[PDB]
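*Asks:* This one is an experimental structure. Sequence first:
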Number of protein chains: 4
Amino acid sequence: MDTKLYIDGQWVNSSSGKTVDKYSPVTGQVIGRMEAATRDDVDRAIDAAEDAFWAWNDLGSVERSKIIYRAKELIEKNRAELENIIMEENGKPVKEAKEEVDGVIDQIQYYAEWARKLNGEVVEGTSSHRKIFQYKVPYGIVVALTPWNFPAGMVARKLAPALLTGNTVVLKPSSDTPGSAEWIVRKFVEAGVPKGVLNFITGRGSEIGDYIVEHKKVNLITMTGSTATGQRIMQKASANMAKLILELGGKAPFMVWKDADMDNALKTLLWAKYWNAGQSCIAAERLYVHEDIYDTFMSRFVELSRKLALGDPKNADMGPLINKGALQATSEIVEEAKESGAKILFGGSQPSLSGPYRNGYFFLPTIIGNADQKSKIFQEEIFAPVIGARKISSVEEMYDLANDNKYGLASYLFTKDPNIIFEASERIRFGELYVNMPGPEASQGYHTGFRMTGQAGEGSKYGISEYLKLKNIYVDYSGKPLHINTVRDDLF
Amino acid sequence: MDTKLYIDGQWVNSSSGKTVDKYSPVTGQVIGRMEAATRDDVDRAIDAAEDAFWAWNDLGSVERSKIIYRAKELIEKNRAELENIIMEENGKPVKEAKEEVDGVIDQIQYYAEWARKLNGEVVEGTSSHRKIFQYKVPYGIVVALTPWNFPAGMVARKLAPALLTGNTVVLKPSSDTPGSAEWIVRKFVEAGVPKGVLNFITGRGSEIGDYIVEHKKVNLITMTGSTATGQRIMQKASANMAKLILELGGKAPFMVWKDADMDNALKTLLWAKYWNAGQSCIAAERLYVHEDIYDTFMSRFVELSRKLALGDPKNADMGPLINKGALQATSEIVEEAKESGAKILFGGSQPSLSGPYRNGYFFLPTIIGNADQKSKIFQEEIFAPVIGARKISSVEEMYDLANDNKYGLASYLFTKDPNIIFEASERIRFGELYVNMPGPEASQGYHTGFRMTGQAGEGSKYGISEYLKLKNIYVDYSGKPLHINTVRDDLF
Amino acid sequence: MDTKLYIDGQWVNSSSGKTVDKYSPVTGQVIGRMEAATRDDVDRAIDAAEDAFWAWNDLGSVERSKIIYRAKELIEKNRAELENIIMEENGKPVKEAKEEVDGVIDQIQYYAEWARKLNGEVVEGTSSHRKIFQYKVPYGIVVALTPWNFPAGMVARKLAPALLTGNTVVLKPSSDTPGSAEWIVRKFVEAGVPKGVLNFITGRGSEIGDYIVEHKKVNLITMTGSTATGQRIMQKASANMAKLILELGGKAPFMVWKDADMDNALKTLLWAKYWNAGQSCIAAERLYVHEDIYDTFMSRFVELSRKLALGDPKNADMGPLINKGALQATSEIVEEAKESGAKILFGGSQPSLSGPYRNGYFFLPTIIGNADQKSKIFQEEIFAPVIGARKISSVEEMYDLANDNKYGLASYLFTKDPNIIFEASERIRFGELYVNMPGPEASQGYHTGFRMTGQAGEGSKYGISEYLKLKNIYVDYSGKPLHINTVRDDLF
Amino acid sequence: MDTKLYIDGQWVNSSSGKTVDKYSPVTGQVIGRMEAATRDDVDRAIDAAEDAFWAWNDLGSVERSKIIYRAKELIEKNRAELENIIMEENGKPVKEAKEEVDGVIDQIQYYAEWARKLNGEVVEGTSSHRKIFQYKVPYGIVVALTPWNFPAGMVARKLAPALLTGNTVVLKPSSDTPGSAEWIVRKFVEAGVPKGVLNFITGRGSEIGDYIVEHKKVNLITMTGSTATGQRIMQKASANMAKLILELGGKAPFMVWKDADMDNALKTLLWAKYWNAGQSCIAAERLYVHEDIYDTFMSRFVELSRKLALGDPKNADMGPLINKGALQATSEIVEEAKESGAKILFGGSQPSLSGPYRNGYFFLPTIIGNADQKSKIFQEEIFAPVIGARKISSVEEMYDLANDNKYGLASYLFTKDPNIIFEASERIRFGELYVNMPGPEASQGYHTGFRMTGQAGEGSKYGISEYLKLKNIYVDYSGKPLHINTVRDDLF
């Protein structure tokens, strides 16, 4: 697939004529190219979104919702193509590709359904002939930056609320996954999104990354990705004071209390560690199991993990890592854990596969025993199918170990003790706490976290409300002479 | 007066006992000294607030509200001491001082009244035996950074909601106004704020500024002040992803349509330009008057501006600029305008005062006619008693000129046309729009702006909610085996 | 057409097969028959809705929303059948019929969009280890009682939110308009509403009216219709304390101030008096015109009213009254007015039509001049194309006269004075105030009134929330012995 | 104590000169008289509240809150007198009297704190130059009817929200408890409540009960009491369509699961059955205990109940019933249970006390074994210190037995099973579910119930919001010619 740019209502090439290659993570070979937009291409996109703003705003949320619902319907009718792009670009197992598309459709529906419901407010003024009207309006130009890990889902997550609320958009996806973003944009265009409202830019971070976030006309940046990139964004966006929506790294603790339903804890851990090969912002990244059940728990976890099939999307339980860098990083991580005296209970290397799969970026499920709380494998995001395990014996200890983390997104808890449940609901300082169940997040939740996890959040009434700016109108309708305490009336 | 630090429940000196002087804006003589905190002092205050956190949180908003009400009561009873400190430190006219204390009292009441009212939410889960609980909890450690212009009002604005919602606080006021902040802090301490909950730090921006906003343990920064400082903060807080509440510059358009109540608009303009010597984040900074009335209006505004008295707080209409750096900078602004050919209709220099006041940092009302829309005096914030006026002739032009502005806080509109009032409520892209009345803002409004004016807002339900983080708890209580579409049940 | 009952998943006859006739308001000839439910039939429908309840509740709002959307889609596709039934049953002009179906579609969409958005709340408990969860759950069995005036629109208004929020329903429409209701019911059944969830009952008010509203198992009654019936309902529902949603009479004041846009006010008045022959709960029922313009306004309103055509739905401006009882009652109203000395400026009788239409229940536009504020025609609802006008001369008088009214639904105001618009927003004690525009109400408004107009409201977040009951769960998770101040611990 | 009436700003006698005697429930002797207001007295009170309304409204919620806070402070400063009136009029133990006053103070604070926070809403209109403004305003005249059981608490509950929200009030307390109501009214008057805003009427139900609720000018009735009285009120209020807030009977099930913490379950049951001698709308009125622990549970409950002291407020654990009728009713209830073959495990009669206590209305704690689910003691409210116990063996059974009740207010649940907790939160169809803790309700909860328990509710944002009416203002500010689909433009 050769993907293109979409700027001010037309599909176009990069104005340098330059491109970037797309590699299959399943086979390791080139399967596609995308355009490498220049800064002038970016300026044109941003100017187009500026010019389209007032008419997009004036249409109203209901009319905007009709277009967004239309896009959902076209996506749904032709979902197989999108599922296939995800399998090709990411190597996801077919059921993950299908589930992610299910999420694309669910999100678009959910966000468009907010039409004419995100109300402003009327407040008492400082007299009986004064009121304060509080309107919720769009921020203006939204830059939407989506990561490679959920390359369809994350596009729906950002475009649908930005658009429903009356902002115009310039979307730049990950260069590892341009295809799924392009396809979704195309469907929005087919749905009737007007000229300049939705723009699509691909290119190298090193050429256009700072430029698109620091640009004088940007009003809001909505981004999911790496912590380091979110930090740079926040630095650069000081040039425009853009409203920021950053969802960054996670290091979810997975906590299994002595009274946990073992089977459910273990099903959920297989999901939480190995879904999308651990390439999830809510992946189980630390395992804490009560000492009374630690040995039986770990034995069964290793035995189940042994039964996972890697390989082709058509039949694998688990797919490859996104690119050669992710693979080299993951090996380096495991080798550092080894050189620290961590014990590898299973995995820890790339397997030797045959056929075209020999050159994909496959990594084995990897379980690490008696992992130090202060080690790199406990303190730094891994984003791959590797986890360390540690024993716990008390509730206060469990809370303290979990919160001793620079990340604060998801977390998991298995127990039948209602008091641990309710207490942890406040004591576990994480944006999401999953209790006796797996993720992923729901559209009605507010996907967010504490500490290095970022800024603002996505989903729920509050997430869609992050794309609205509250403004105040103070009116005086007394029809009488003003009296201002610090201004002498004898001047009049 | 001499001010000290307050750290972990005790008044203490700077770790090294270094101090900074304080000058009277009314006489230019040294009148006070403050402690120069060190980086170590900031650490101790932040560590103190970390330790106090859980017990403060655990106290509940009701019990915390009792302490805050007590502080209000002690403030109200001893208010004359605070009025006097504002007059000495800032040189404000007695009625401005009194008014700022009225607002201290009003704000502390308003915010404490939120006890037990900032609810979380319950949302439907993905099955009948699932729910998503959404708790609002405190961010943790709040760094409060207050400006010199409303040095009592701004301290109340930040402490009251930060404390009510269960955060601990380190407060660093402007080195131009340490006294009013210390006095309020001391009132909260007398009201029984527990050790560690509220810390007070003074010192030089150049020595401890970056340090305090970049610190590892800071969860939230709430700051009002200059745009350039807010930009630096946003850059530095990329080190901790602290939630940002930034209230930065304004360049308020003051718009008088042809059918305006002339007397009321002129009253309101005298207030909006000359209150606190124009040193207000909502000061009139551009004057747009309808061509039919421009001449009469400018004429009257000049004559009125001539009648305002500058000098002693006990009898002036208008006080002095905060410091010699403000004075230099205001003269330079006026000189740039005069040398771009701008027409000075009145004033434009320091008045001619006798006695001690000739050494104070006074500046006359300065009115410029037929200003250029793209000039410095229309595009850059002045924060001084200077304004240029331009003719307007259409409603669309009025909106466009207002909006052609890197700032986006307050704005003023005088008209008796309902369709302009309603349309402008959306077309004027400013945080606040005062229609047929002056400011200042009410506690129930969401004080905020668009564009360079900053991040988030203060006041109203929404402003106090900025000090709360929303977290989700997903619970499954089916009590049945889990089924996860991507995890094979034949493994169990 | 012949209509049947729908009970527990099957179309069925009356237990005894008794029927009621239906007359064309356009020709006065019998055109249809409906089943006469018996008390036993009502029991079976209520029992059915009781049984279906838990599984309907358990389905979740998302899944229920899918059924409701499907019903909308089937309605939209087959809309011409519903347009034709409204024209036959009610005699509405083709553009009124089409418009009422547009509103059916709009409402079903708007309400289904609330899926997963009507959140519960979490509130702070009386200790750090306590919370109060507040769930919104359905009331249970909803009895929906719809009037004949908007016989499609009103059915959509009540079913859509009742079903979305997880209630089961028994619907009993007006015996004057069974067809439009049955057709919509059949669309929900085709959309897959599960057995028992939606039941359809027709029959005589005198036989089953009290029975259905007093029934032991009814949890909620939602009714629009005449005041006297709503009074009877409120009395009868004292037997079950059912939650009441009652939308009863209106007596809307139509107020034209001296500076009104004359053309727009006259347009709006033609709509507000003569839309649906004045058979609207928001029809203009009193006309108050400023003394400066009264003569010109009345003169123009008369000439315009003369030009409106009465007759066939295919080409009339105005249709007939619903039944012969409406016609008798309108003549009596006009005769009472003529015999109290009221001055008839136009009309006041049945028109002179040819052919089948001479047997239809037509009534001319009727305009009375210089009406008395305390007269029947100003104090009692007419629900027919009749209105009297009075001069007004002050703003306080306008408010007072508007408010001197046992009803409190809609009102209309035409003026270009902002201070009147803002002040009237509070001074006019009516549920709806239309300023410089006509109705009807929008789905996002809270359709409601003061005084005799009834109980609760419909539309907006608040209206759909009326079908949800809030319950509290208080939880203590301290895990420590309890201490209760009035219970001695020395007993333990 | 001779209590008087307060009508239009003056303390007065009944205009018939008639009175009603007040009896001590401790001694059985006359200790007081109250005025027996006539209908004309009622008309005067209601007219006074009508006349005071606009000025009370215009004051604003903040100014109204100052008066209400002032009343709280005067109550708090002189609380001993109120505690003493409660002990005298009701016979409550001193700690109950003190706790109820604590509740009076807590409620008044909580409600007044809603000043300027119960916001209206701004909603999108049907074009870009249309909005819908939604204001929350007072209903008007509130009739407040308070019961004898919490004769101070229930007055604070009703007056504080009614008044804060800008309604005027006519209060009629129970004739068994005029003293505590009068005292609270007096304190509101001392706080500065203006003339006609707060009116105080006492008299016989049979003379003025129907009259005050059916009166033409009443806008809202807020009542707590008996189910039969609430039913009559709802019937009579059909005359004015008053907004209704009725809290009526309860029959709380008290459920103790096999894994319950016995000590806490038993402390809570002593409270729930014997607080205020069972004269509570949330009293334990049915006991369900899991068969595995039934016999040990009942043994300990009987042994603890044996240890409760009846008698004088100064030292009793439990006080007398309110009057001779309550005593005769309670005996009749026990004798009917006996004649049905219920087994009385303890109590069931009035004790033979000495001194003045011999003529008080004392009744022993009464526990009844193997009580039939369909008996009067399980199906009808008792409101006295009598309870029956029944075994359970499953969760579905427990839910079904609990919901098989015509009441639906409070309920109690002791268990350590988190799944029963979460599931019951939806399955237990009661307004309040107390889990591992006692009542009473908190000011931030929404005290309400299902089925016969009444209408609307009190407390929380939603309870105070029941005293506000939401109104809509639809504005069109296009400034263009209207086009109405069903009105021909060629008429213009």
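*Replies:* Looks like it came in fine. Numbers count the residues shown, from 1 in each chain, chains lettered A, B, ... in the order given.
*Asks:* Show me which residues of the stretch 101-250 of chain A sit near chain C.
*Replies:* A:110, A:113-117, A:119, A:129, A:131 (C-beta under 8 Å from any C-beta of the partner chain). (C-beta placed from N, C-alpha, C; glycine too.)
*Asks:* Grab the two from those that are most spread out in space.
*Replies:* Using C-beta to C-beta, these reach their maximum pairwise distance at A:110 and A:129, which is 41.6 Å.
*Asks:* Which of these two has more residues huddled nearby?
*Replies:* residue A:110 (24 against 18; other C-beta atoms under 10 Å in any protein chain shown).
*Asks:* ok, which stretches of the stretch 301-450 of chain A are strands?
*Replies:* A:343-346, A:366-369, A:386-392, A:412-414, A:432-435 (DSSP state E, counting those that start in this stretch).
*Asks:* I'd like the domain boundaries of chain A, if you could list them.
*Replies:* A:1-249+A:443-477, A:250-442 (curated CATH domains).
*Asks:* coming back round to it: I'd like to know which of the residues of the stretch 101-250 of chain A next to chain C is nearest to residue A:9.
*Replies:* In terms of C-beta to C-beta, no member of these lies closer to residue A:9 than residue A:115, at 24.1 Å.
*Asks:* Residue A:64 is in contact with that closest one, correct?
*Replies:* Yes: assessed by C-beta atoms under 8 Å, residue A:115 is found in contact with residue A:64 at 7.4 Å.
*Asks:* so what's the most centrally placed residue in chain A bridging to?
*Replies:* By C-alpha atoms, centre = their mean, chain A has its centre lying nearest to residue A:224, at 4.4 Å. Per DSSP bridges, residues listed as beta-bridge partners of residue A:224: residue A:247.
*Asks:* For residue A:458, see how far away it is.
*Replies:* 8 Å (C-beta to C-beta, to the nearest Å).
*Asks:* So for these two, which residues contact both of them?
*Replies:* A:157-158, A:247 (C-beta atoms under 8 Å, 6 or more residues apart in numbering or on different chains).
*Asks:* and which of these is nearest chain B?
*Replies:* Using C-beta to the nearest C-beta, residue A:247 is the member of these that lies nearest chain B, at 10.9 Å.
*Asks:* Distance check, the closest one against chain C.
*Replies:* Residue A:247 is 21 Å from chain C, where distance means C-beta to the nearest C-beta, to the nearest Å.
*Asks:* and that residue, how many neighbours does it have?
*Replies:* For residue A:247, using other C-beta under 10 Å, the count is 25.
*Asks:* Who are the contact partners of it?
*Replies:* Contacts of residue A:247 (C-beta under 8 Å, 6+ apart): A:223-225, A:230, A:281, A:409, A:447-449, A:453-454, A:457-458.
*Asks:* Same check on residue A:273?
*Replies:* A:254, A:283-284, A:305, A:365, A:385, A:387.
*Asks:* Count residues in the vicinity of residue A:78, would you?
*Replies:* If you count neighbours by other C-beta under 10 Å, residue A:78 ends up with 13.
*Asks:* Grab the nearest non-local neighbour of it.
*Replies:* Once flanking residues are discounted, residue A:78 sits nearest to residue A:187: 7.7 Å by C-beta to C-beta, 6 or more residues apart in numbering or on different chains.
*Asks:* and the stretch 351-492 of chain A, which of its residues are near chain D?
*Replies:* A:416-419, A:421.
*Asks:* Please repeat the previous calculation with a cut-off of 6 Å.
*Replies:* A:418, A:421 (C-beta under 6 Å from any C-beta of the partner chain).
*Asks:* got it, and chain A?
*Replies:* Checking chain A against chain D by C-beta under 6 Å from any C-beta, the hits are A:58, A:116, A:119-124, A:128, A:135, A:418, A:421.
*Asks:* So which of the residues you listed wins on neighbours?
*Replies:* residue A:120 (25 neighbours).
*Asks:* so what's residue A:383 closest to, chain neighbours aside?
*Replies:* residue A:279 (5.6 Å).
*Asks:* So that neighbour sits against residue A:151, correct?
*Replies:* No: the pair residue A:279 / residue A:151 is not scored as a contact, 10.8 Å apart, by C-beta atoms under 6 Å.
*Asks:* Counting neighbours, go ahead and name the busier of these two.
*Replies:* residue A:151 (26 against 22).
*Asks:* tell me the SS of that one?
*Replies:* At residue A:151 the chain is in coil, as set by DSSP: H, G, I helix; E, B strand; the rest coil.
*Asks:* For the nearest residue to it once chain neighbours are set aside, which residues are in contact?
*Replies:* Leaving aside its chain neighbours, residue A:151 sits nearest to residue A:177 (3.5 Å; criterion: C-beta to C-beta, 6+ apart). The contact partners of residue A:177, by C-beta atoms under 6 Å, 6 or more residues apart in numbering or on different chains, come to A:89, A:148, A:151.
*Asks:* how does it look with 7 Å?
*Replies:* For residue A:177, the contacting residues are A:89-90, A:148, A:151, by C-beta atoms under 7 Å, 6 or more residues apart in numbering or on different chains.
*Asks:* need those in CSV with secondary structure, can you?
*Replies:* Conversion of these to CSV gives the following (three-state DSSP):
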residue, secondary structure
A:89, helix
A:90, helix
A:148, coil
A:151, coil
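*Asks:* quick one: which of those has the most company?
*Replies:* Ranked by neighbour count under the definition other C-beta under 10 Å, the contacts of residue A:177 are headed by residue A:90 with 31 neighbours.
*Asks:* interface residues of the stretch 101-250 of chain A facing chain B?
*Replies:* Listed as neighbours of chain B in the stretch 101-250 of chain A under the rule C-beta under 7 Å from any C-beta of the partner chain: A:123-126, A:130, A:132-135, A:137, A:231, A:234-235, A:238, A:241.
*Asks:* if we can go back for a sec, looking at the contacts of residue A:247, which is nearest residue A:470?
*Replies:* So of the contacts of residue A:247, ranked by how close each gets to residue A:470 (C-beta to C-beta), first place is residue A:457, at 16.7 Å.
*Asks:* What distance do you get for the closest one to chain D?
*Replies:* For residue A:457, the distance to chain D - C-beta to the nearest C-beta - is 23 Å.
*Asks:* same thing with residue A:75?
*Replies:* 26 Å.
*Asks:* which residue sits closest to that residue in space, ignoring its chain neighbours?
*Replies:* Closest to residue A:75 by C-beta to C-beta, 6+ apart is residue A:187, at 5.1 Å.
*Asks:* What of residue A:76?
*Replies:* The shortest distance from residue A:76 to any non-neighbouring residue, by C-beta to C-beta, 6+ apart, is to residue A:105 (5.3 Å).
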